[PDB]
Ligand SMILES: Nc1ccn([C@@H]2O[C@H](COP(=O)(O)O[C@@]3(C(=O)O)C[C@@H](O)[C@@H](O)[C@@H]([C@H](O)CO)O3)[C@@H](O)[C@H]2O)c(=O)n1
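Presented below, as structure tokens, is a lone chain in the form solved without the ligand.
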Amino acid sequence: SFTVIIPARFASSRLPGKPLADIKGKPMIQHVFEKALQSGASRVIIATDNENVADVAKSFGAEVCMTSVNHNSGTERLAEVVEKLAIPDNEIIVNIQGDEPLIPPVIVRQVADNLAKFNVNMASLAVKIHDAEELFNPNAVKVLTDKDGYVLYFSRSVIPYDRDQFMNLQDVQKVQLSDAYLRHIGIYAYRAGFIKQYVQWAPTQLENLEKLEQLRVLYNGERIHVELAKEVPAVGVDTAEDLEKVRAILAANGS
């Protein structure tokens, strides 16, 4: 079995209070909660520092853990939940974002099973990158693993470098990419006890440069397993446009 923790994500610049945005009669956060239940999770916790969100979540039967209103990171907020609920060290925890109402339950279960299968302290997923435009986008995190799926490195820089095609490239948007690129997806599985260790490790020059918190784990020599996601998850909702899109999709799926 495993536990899912869903960060509410109330704070948003272009879509403030999005966790409570209505999507076909239910707040977006409730959709994520229901997808979590459909993944086979034995426990689903909504974590938030917002009283209004907590009240709404409890109203649809969700266990809620209030997180402190500090500066600390997301991983830092996951640790606080583990500590406050006294979650045993070996419990498998899957972190899913509160603004992904269309997250495929199958991939939530996938990362959880992978954590147990390979017995690592941290597991994640990736999806193929097909466009050069996305490949060179620093916002798309590229990842590479060894033959067993154990991560070599994560980076905003393009890896692997294609010698023959990248040498004196003049138009990246027109380069034909090989089938070797992977975009890391921000869905994780951890052993509850490891999160505590993760946050205890000192900040690294590496993570500060790439602005990738997960590099702290690689820097400290901890094995991470990454596998191709069984299904490509939709981008999280953060704009009114994205919200309209999800509403249209859920509207189409019921008639």
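Counting begins at 1, following the sequence as shown. The term rigid core refers to the maximal set of C-alpha atoms that superpose within 1.5 Å between the two forms.
Beyond what is shown, the protein has a form deposited with the ligand bound; the following relates to that form.
**Message:** I'd like to check something about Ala8: if you look in the entry with it bound, is any of its heavy atoms closer than or equal to 4.5 Å to a heavy atom of the ligand?
**Reply:** Answer yes; at least one heavy atom of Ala8 falls within 4.5 Å of the ligand in the entry with it bound.
**Asked** Looking in the entry with it bound, any heavy atom of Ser73 within 4.5 Å of the ligand?
**Response** Yes - in the entry with it bound, heavy atoms of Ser73 and the ligand come within 4.5 Å of each other.
**Asked** So, in the entry with it bound, is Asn137 in contact with the ligand at a 4.5 angstroms heavy atom limit?
**Response** So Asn137 does not count as contacting the ligand.
**Request:** Please check if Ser39 has a heavy atom lying within 4.5 Å of any heavy atom of the ligand in the entry with it bound.
**Result:** No - in the entry with it bound, heavy atoms of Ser39 and the ligand never come within 4.5 Å of each other.
**Message:** At 4.5 Å by heavy atoms, is each residue in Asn121, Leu152 and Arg191 next to the ligand in the entry with it bound?
**Reply:** Not a single listed residue reaches the ligand in the entry with it bound, so no.
**Asked** For the chain shown here without its partner, which stretch in 110-118, 97-105, 164-172, 144-152 has non-hydrogen atoms within 4.5 angstroms of the ligand in the entry with it bound?
**Response** Looking at the other structure, the answer is 97-105.
**Item:** Contact residue in the entry with it bound, from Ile159, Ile129, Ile92, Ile185 (heavy atom within 4.5 Å of the ligand)
**Value:** The residue in contact is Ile185.
**Prompt:** Though the ligand is not shown, can you say which of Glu227, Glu222, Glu63, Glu213 has a heavy atom within 4.5 Å of it in the entry with it bound?
**Reply:** It is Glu213 that has a heavy atom within 4.5 Å of the partner.
**Item:** Mobile residue between this form and the one not shown, C-alpha criterion 2 Å or more, rigid core, from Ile159, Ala140, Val127, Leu102
**Value:** The residue that shifts is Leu102.
**Asked** Relative to the superposed rigid core, does the CA atom of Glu222 travel 2 Å or more between this form and the one not shown?
**Response** No, the C-alpha moves less than 2 Å.
**Request:** With both forms fitted on the core, give yes or no for whether the Cα of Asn50 moves by 2 angstroms or more between this form and the one not shown.
**Result:** The answer is yes; the displacement is at least 2 Å.
**Message:** How about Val69 - superposed on the rigid core, does its CA move between this form and the one not shown by 2 Å or more?
**Reply:** Shift at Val69: 2 Å or more after core fit.
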